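Take a look at the structure below.
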Amino acid sequence: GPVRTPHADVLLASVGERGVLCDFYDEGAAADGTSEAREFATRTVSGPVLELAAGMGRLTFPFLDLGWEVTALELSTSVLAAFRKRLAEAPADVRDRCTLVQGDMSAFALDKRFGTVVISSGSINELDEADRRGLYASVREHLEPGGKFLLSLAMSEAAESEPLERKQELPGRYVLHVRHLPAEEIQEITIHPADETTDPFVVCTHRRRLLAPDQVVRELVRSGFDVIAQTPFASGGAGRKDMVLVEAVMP
Amino acid sequence: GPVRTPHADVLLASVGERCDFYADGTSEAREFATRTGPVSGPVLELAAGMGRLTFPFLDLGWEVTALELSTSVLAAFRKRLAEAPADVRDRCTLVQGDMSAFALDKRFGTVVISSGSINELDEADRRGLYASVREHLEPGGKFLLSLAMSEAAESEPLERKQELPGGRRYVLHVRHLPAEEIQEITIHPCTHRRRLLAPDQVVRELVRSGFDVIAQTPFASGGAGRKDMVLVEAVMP
Ligand SMILES: Nc1ncnc2c1ncn2[C@@H]1O[C@H](CSCC[C@H](N)C(=O)O)[C@@H](O)[C@H]1O
């Protein structure tokens, strides 16, 4: 069914149903990022912008609020429908710089090039390694000359750190430097009410892919982009910096 | 063209003017034999290199089809086989092949692969491996893998709490399960990156594609000291 996490295991045992184990995407009770959008803006606008897997407009609207023309591309027709509902209930000027398009960000093709192409950490992490290559290839084909590819990328503690070195003393028949660089983790969340009474006690688990920023960056280089900047920021305006803003251009 | 690490460039100028980078299988093979039993019927070792484990396996008396991709490496292996005595040599059948896609039309009691071999495939190819391996297992037959386990892979992931409102108050728990790291080397008076899967990540992948993983046994590769490897047992339901 849902993912049975270790903390959830204990809770659900302790609470005896009453408690219910759920994935974080079914029911139910269960988006604001103007600080992330702002991070994207800082790091650019000449022309129109393409947002990939724009979901429901979490960033797309903030972008439109800054006067930008946005082609928002989404795969889910249902999310697409919901986006178009929000879009319907907003000022015709706001409405008219926005273009929705169904599409697969791993293999998409528009009758249009673009000065700026943006993708949020949430989205890039939906793709495996193969599709990620598809994305890079695709994007390259949609950048006007000199245009930037801007990516936000969540940064785990392990990816934030300077990987631990281990020097050695191995003679031949030298000094050896090993590093274990992070490439990909699984972010696992568990959310439950602070009580235990409540009734019902719904326990929310989710597992998702979480790529190391440096990893994406290597992928990017390997695929013909140059990464001209990488900038840590906190997603909620202040706190620990838990995100990296990456700029890529075609050489 | 060769990978330019941080420690390289801080030695590349911190020297002036005066390249990429391209062990004993006894303990390791024994660990495989521990989780094998009988053995009735022959064994198939995928990506056998040049016999580092194969020769151990033969000394356990086993019958081994050793699959390897490389024409050059097969040349080495064949010569080594030729210097072995004849009962060793006659229990070893070499085959050029691709561990990610191969038919051999025969099935095997046991199927075996080494950490270095599986770490050489990306995700898609590993999907193919498990599919192949399946196609080549006799029922009840065991699929054994050894997997390097780094310090990241073995540690209990650190957990972060945090209280949040609505207006209902919630508790939020976040763990980071390791899955893939990069092994980066700098040899030194010389460079190499490489894949290093988390044994757990491989296990998840085995389940995702058919097998029930019946055992995960940590062992030292050297055959002494800290257990730096994991022997995984898989079978087809
Ligand atoms: N292959 C694909 N092609 C296009 N969109 C995809 C996709 N796979 C997943 N998605 C979409 O990517 C979104 C990920 S969540 C990101 C939403 C938004 N950019 C934000 O910042 O909140 C989801 O809306 C999902 O429908």
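Mind listing just one residue for me: the one in region A:1-34 that is exposed (fewer than 13 other Cβ atoms within 10 Å of the Cβ) and closer than 30 Å to A:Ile228 by Cα and, of those, farthest from the ligand (Cβ to nearest atom)? Selected residue: A:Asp32. Among the residues of region B:131-154, those that are within 14 Å of chain A (Cβ to nearest Cβ), among the hydrophobic types (A, V, I, L, M, F, W, C) and within 15 Å of B:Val203 (Cβ to Cβ) comprise B:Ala148, B:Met149, B:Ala153.
Filtering region A:91-119 down to residues that are small (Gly, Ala, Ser) and touching a strand residue (DSSP E or B) at 6+ places or on another chain (Cβ under 9 Å), which residue is nearest to A:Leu150 (Cα to Cα)? Give the derivation first.
Within region A:91-119, the first condition is being small (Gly, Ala, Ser), and the residues that meet it are A:92, A:103, A:106-107, A:109, A:115.
Adding the requirement that they be touching a strand residue (DSSP E or B) at 6+ places or on another chain (Cβ under 9 Å) leaves A:103, A:115.
Details: A:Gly103: 19, A:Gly115: 11 Å.
Here the answer is A:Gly115.
Going by what's in this entry, would B:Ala215 be described as in a strand (DSSP E or B) and in contact with a helix residue (DSSP H, G or I) (Cβ under 6 Å, 6 or more places away or on another chain)? Considered against the rule, which asks whether it is in a strand (DSSP E or B) and in contact with a helix residue (DSSP H, G or I) (Cβ under 6 Å, 6 or more places away or on another chain), B:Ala215 comes out as no.
Might you check whether a residue that is within 29 Å of B:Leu172 (Cβ to Cβ), within 14 Å of another protein chain (Cβ to nearest Cβ) and among the aromatic types (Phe, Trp, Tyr) occurs anywhere in region A:60-78? No. Among strands (runs of 3 or more DSSP E) entirely within region A:112-181, having at least 3 residues that are within 16 Å of the ligand (Cβ to nearest atom) and buried (at least 21 other Cβ atoms within 10 Å of the Cβ) singles out A:114-119, A:143-154.
Can you tell me which residues in region A:1-24 are not in a helix (DSSP H, G or I) and not aliphatic (A, V, I, L, M)?
Taking region A:1-24 first, the residues not in a helix (DSSP H, G or I) are A:1-5, A:16-24.
The answer is A:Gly1, A:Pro2, A:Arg4, A:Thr5, A:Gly16, A:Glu17, A:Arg18, A:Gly19, A:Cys22, A:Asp23, A:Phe24.
On the basis of being surrounded by 14 or more Cβ atoms within 10 Å (Cβ to Cβ) and either within 16 Å of the ligand (Cβ to nearest atom) or closer than 29 Å to A:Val227 by Cβ (or both), does A:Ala37 make the cut?
On the way: surrounded by 14 or more Cβ atoms within 10 Å (Cβ to Cβ): yes; either within 16 Å of the ligand (Cβ to nearest atom) or closer than 29 Å to A:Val227 by Cβ (or both): yes.
In short, yes.
What residue, among those in region A:197-251 that are of a type in the set (S, T, N, Q) and crowded, with 19+ Cβ neighbours inside 10 Å, is nearest to the other protein chains (Cβ to nearest Cβ)? Checking each candidate, the answer is A:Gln215. Among residues of region B:31-52 that are farther than 16 Å from B:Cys92 by Cα, those with a Cβ under 9 angstrom from a residue that is of a type in the set (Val, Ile, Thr) and assigned to a loop (DSSP other than H, G, I, E, B), sequence gap 6+ or separate chain, pair up as B:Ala33/B:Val39.
Of the residues making up region B:160-194, those that are among the basic types (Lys, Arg) and at the interface with chain A (Cβ under 7 Å from one of its Cβ atoms) are B:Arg168, B:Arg169, B:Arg175.
When A:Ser106 is tested against the conditions (1) more than 14 Å from chain B (Cβ to nearest Cβ); (2) within 8 Å of the ligand (Cβ to nearest atom); (3) of a type in the set (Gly, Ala, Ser), the lone failure is (1). For region A:105-126, enumerate the residues that are more than 18 Å from A:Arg58 (Cβ to Cβ) and touching a helix residue (DSSP H, G or I) at 6+ places or on another chain (Cβ under 8 Å). Passing the criteria: A:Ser106, A:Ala107, A:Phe108, A:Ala109. Look at (1) within 14 Å of another protein chain (Cβ to nearest Cβ); (2) small (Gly, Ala, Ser); (3) over 22 Å from B:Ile118 (Cβ atoms) and you find that B:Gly16 fails only one, number (1).
Every condition in (1) more than 11 Å from chain A (Cβ to nearest Cβ); (2) more than 22 Å from B:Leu46 (Cβ to Cβ); (3) touching an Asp or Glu at 6+ places or on another chain (Cβ under 9 Å) holds for B:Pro157 except the one numbered (1). Taking into account only those residues within region A:182-194 that are farther than 17 Å from B:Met149 by Cβ and part of a strand (DSSP E or B), which is farthest from the chain's Cα centre (by Cα)? Restricting to residues being farther than 17 Å from B:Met149 by Cβ and part of a strand (DSSP E or B), the top hit is A:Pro193.
We place every Cβ from the backbone using ideal geometry, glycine too, and count neighbours over all the protein chains shown. Rule-based calculations on the coordinates, nothing more; no lab input.
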